[PDB]
Each structure stands twice: as C-alpha cells, then as structure tokens.
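First the structure, in the form of structure tokens, and then the observations on it.
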Amino acid sequence: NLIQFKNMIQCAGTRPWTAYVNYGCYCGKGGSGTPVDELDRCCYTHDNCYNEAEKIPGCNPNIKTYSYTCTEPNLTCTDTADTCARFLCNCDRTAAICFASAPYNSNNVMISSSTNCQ
Ligand SMILES: [Ca+2]
C-alpha cells in the first residue's frame, strides 16, 4: 500500500516521502542506470522488490494493504499468514529504514537526465 509506505517512512525517519519523490536515478517513478549513492541504492532495491512482489499470485504493491506497527522509530510487520502482505511489508519497512540511515546529498536531487542515470 503506497499510503502505508509513506507513513512507514516518517516513522523510521525524519524526511517525509516528498524528499524522495525525485532523487538520484531510482527514487521516484521508474529507474535506470546505476544508483549514484547509498540512498539511491535504497530505492534501487525497493523497485526490484516490488517487481518481485508482482510474481506473487494476486499481489499488487500499490493496492495491497498489510499489517504493521510503528513504535517510532520502530517498524514491525505483523503479517505471517498472508505472503503478499508479509513480503510487501518487508519491502517497504526495509526501504523506510534504509532511507533514514542513508545520507541525503541534495546534490543528487533531480539528476534523472545526467549521464549518471544511463
Ligand atoms: Ca523507482
């Protein structure tokens, strides 16, 4: 669930989802080339993760609503029976934590056309 993902972001970190709407080569719609930094790699993994999520029967990363708890700055995925929800919550929680731990080089903000994003 895209809504849950952005709420899962401010739980683990300080930067809201808007800080990431367009950063590096992979944060934001689609993605190409090689990640530029640690954060961009966070996004790179998240995408490959959603791509994986689609290989799960009746599993759509945008709409699927999972279960999780936030004891700031702690995230916990409670699902264990529902694979999609489990796997999907996993993708988001990983990304959210990754984002908060990674640095934010405002320089790599909006370089989608630079030679770096092959
Ligand atoms: Ca992306």
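How things are named: the first chain in the structure tokens is A, the next is B, and so on; residues count from 1 in each chain; ligands count from 1 in the order shown.
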Proximity of chain A to ligand 1: per-residue shortest pair, 12 Å limit, only C-alpha atoms and all ligand atoms, as JSON lines:
{"residue": "A:20", "atom": "CA", "partner": "ligand 1", "partner_atom_place_in_ligand_line": "1 (Ca)", "distance": 9.9}
{"residue": "A:21", "atom": "CA", "partner": "ligand 1", "partner_atom_place_in_ligand_line": "1 (Ca)", "distance": 9.1}
{"residue": "A:22", "atom": "CA", "partner": "ligand 1", "partner_atom_place_in_ligand_line": "1 (Ca)", "distance": 9.0}
{"residue": "A:23", "atom": "CA", "partner": "ligand 1", "partner_atom_place_in_ligand_line": "1 (Ca)", "distance": 9.6}
{"residue": "A:24", "atom": "CA", "partner": "ligand 1", "partner_atom_place_in_ligand_line": "1 (Ca)", "distance": 9.8}
{"residue": "A:25", "atom": "CA", "partner": "ligand 1", "partner_atom_place_in_ligand_line": "1 (Ca)", "distance": 8.0}
{"residue": "A:26", "atom": "CA", "partner": "ligand 1", "partner_atom_place_in_ligand_line": "1 (Ca)", "distance": 4.6}
{"residue": "A:27", "atom": "CA", "partner": "ligand 1", "partner_atom_place_in_ligand_line": "1 (Ca)", "distance": 4.8}
{"residue": "A:28", "atom": "CA", "partner": "ligand 1", "partner_atom_place_in_ligand_line": "1 (Ca)", "distance": 4.6}
{"residue": "A:29", "atom": "CA", "partner": "ligand 1", "partner_atom_place_in_ligand_line": "1 (Ca)", "distance": 4.8}
{"residue": "A:30", "atom": "CA", "partner": "ligand 1", "partner_atom_place_in_ligand_line": "1 (Ca)", "distance": 4.3}
{"residue": "A:31", "atom": "CA", "partner": "ligand 1", "partner_atom_place_in_ligand_line": "1 (Ca)", "distance": 5.1}
{"residue": "A:32", "atom": "CA", "partner": "ligand 1", "partner_atom_place_in_ligand_line": "1 (Ca)", "distance": 8.8}
{"residue": "A:33", "atom": "CA", "partner": "ligand 1", "partner_atom_place_in_ligand_line": "1 (Ca)", "distance": 11.7}
{"residue": "A:35", "atom": "CA", "partner": "ligand 1", "partner_atom_place_in_ligand_line": "1 (Ca)", "distance": 10.8}
{"residue": "A:39", "atom": "CA", "partner": "ligand 1", "partner_atom_place_in_ligand_line": "1 (Ca)", "distance": 11.9}
{"residue": "A:40", "atom": "CA", "partner": "ligand 1", "partner_atom_place_in_ligand_line": "1 (Ca)", "distance": 9.3}
{"residue": "A:41", "atom": "CA", "partner": "ligand 1", "partner_atom_place_in_ligand_line": "1 (Ca)", "distance": 10.3}
{"residue": "A:42", "atom": "CA", "partner": "ligand 1", "partner_atom_place_in_ligand_line": "1 (Ca)", "distance": 9.8}
{"residue": "A:43", "atom": "CA", "partner": "ligand 1", "partner_atom_place_in_ligand_line": "1 (Ca)", "distance": 6.0}
{"residue": "A:44", "atom": "CA", "partner": "ligand 1", "partner_atom_place_in_ligand_line": "1 (Ca)", "distance": 6.6}
{"residue": "A:45", "atom": "CA", "partner": "ligand 1", "partner_atom_place_in_ligand_line": "1 (Ca)", "distance": 9.0}
{"residue": "A:46", "atom": "CA", "partner": "ligand 1", "partner_atom_place_in_ligand_line": "1 (Ca)", "distance": 7.3}
{"residue": "A:47", "atom": "CA", "partner": "ligand 1", "partner_atom_place_in_ligand_line": "1 (Ca)", "distance": 5.3}
{"residue": "A:48", "atom": "CA", "partner": "ligand 1", "partner_atom_place_in_ligand_line": "1 (Ca)", "distance": 8.7}
{"residue": "A:49", "atom": "CA", "partner": "ligand 1", "partner_atom_place_in_ligand_line": "1 (Ca)", "distance": 10.3}
{"residue": "A:50", "atom": "CA", "partner": "ligand 1", "partner_atom_place_in_ligand_line": "1 (Ca)", "distance": 9.4}
{"residue": "A:51", "atom": "CA", "partner": "ligand 1", "partner_atom_place_in_ligand_line": "1 (Ca)", "distance": 10.4}
{"residue": "A:95", "atom": "CA", "partner": "ligand 1", "partner_atom_place_in_ligand_line": "1 (Ca)", "distance": 11.4}
{"residue": "A:112", "atom": "CA", "partner": "ligand 1", "partner_atom_place_in_ligand_line": "1 (Ca)", "distance": 11.4}
Which residue, A:16, A:66, A:74, A:58, has the smallest gap to residue A:91 when you use only C-alpha atoms?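 Residue with the minimum atom-to-atom distance to residue A:91: A:66.
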Would you list the contacts of residue A:78 as a JSON list (two decimals) with N, CA, C and O atoms, in the first residue's frame, taking every protein, DNA or RNA residue within 9 Å and counting only C-alpha atoms, but skipping same-chain residues closer than 5 positions in sequence?
[["chain", "number", "residue", "atom", "x", "y", "z"],
["A", 66, "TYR", "N", -1.23, -4.28, 4.06],
["A", 66, "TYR", "CA", -0.67, -5.23, 5.02],
["A", 66, "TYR", "C", -0.89, -4.72, 6.43],
["A", 66, "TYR", "O", -1.58, -3.73, 6.64],
["A", 67, "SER", "N", -0.30, -5.42, 7.39],
["A", 67, "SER", "CA", -0.41, -5.04, 8.78],
["A", 67, "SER", "C", 0.97, -4.77, 9.33],
["A", 67, "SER", "O", 1.92, -5.52, 9.08],
["A", 68, "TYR", "N", 1.10, -3.68, 10.08],
["A", 68, "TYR", "CA", 2.37, -3.33, 10.67],
["A", 68, "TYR", "C", 2.12, -2.36, 11.82],
["A", 68, "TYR", "O", 1.04, -1.77, 11.93],
["A", 69, "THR", "N", 3.13, -2.20, 12.66],
["A", 69, "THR", "CA", 3.04, -1.30, 13.80],
["A", 69, "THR", "C", 4.24, -0.34, 13.82],
["A", 69, "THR", "O", 5.33, -0.69, 13.37],
["A", 86, "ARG", "N", 3.08, -9.98, 3.85],
["A", 86, "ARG", "CA", 4.35, -10.21, 4.53],
["A", 86, "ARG", "C", 5.48, -9.66, 3.67],
["A", 86, "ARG", "O", 6.17, -8.72, 4.06],
["A", 89, "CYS", "N", 5.22, -5.87, 3.02],
["A", 89, "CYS", "CA", 5.52, -5.04, 4.18],
["A", 89, "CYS", "C", 7.04, -5.01, 4.33],
["A", 89, "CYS", "O", 7.64, -3.99, 4.67]]
_Taking 4 positions as the minimum chain separation for residues in the same chain, which residues sit within 9 Å of residue A:88 when counting only C-alpha atoms? Answer as a VMD selection string._
chain A and resid 1 49 to 50 53 59 to 61 64 to 66 83 to 84 92 to 93
Within 7 Å of stretch 5-13 of chain A, which residues of stretch 64-104 of chain A show up? Give each one with its shortest atom-to-atom distance in Å (one decimal) and the two atoms involved, counting only C-alpha atoms, rows by chain then rising residue number, as a tab-separated table.
residue	atom	partner	partner_atom	distance
A:70	CA	A:11	CA	6.3
A:72	CA	A:11	CA	5.3
A:73	CA	A:12	CA	4.4
A:74	CA	A:12	CA	6.1
A:75	CA	A:12	CA	6.9
A:92	CA	A:5	CA	5.8
A:93	CA	A:8	CA	6.8
A:96	CA	A:9	CA	4.7
A:97	CA	A:12	CA	5.7
A:100	CA	A:13	CA	4.6
Selected residue, from A:87, A:111, A:99, A:80, that lies nearest to residue A:15 when counting only C-alpha atoms:
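Closest candidate: A:99.
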key: Pick from A:118, A:2, A:38, A:82, whichever lies nearest to residue A:104 using only C-alpha atoms   =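 Closest candidate: A:38.
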Just the number, please: distance in Å from atom CA of residue A:103 to atom CA of residue A:37, one decimal.
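A separation of 8.5 Å between them.
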Just checking: using only C-alpha atoms, which residue out of A:19, A:63, A:56, A:36 ends up closest to residue A:3?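 Result for the nearest residue to residue A:3: A:63.
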- Minimum-distance residue to residue A:54, chosen among A:98, A:110, A:85, A:117 (using only C-alpha atoms):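 Distance minimum relative to residue A:54 lands on A:85.
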Coordinates-based distance that separates atom CA of residue A:90 from atom CA of residue A:76 (Å, one decimal):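 Going from atom CA of residue A:76 over to atom CA of residue A:90, I get 9.1 Å.
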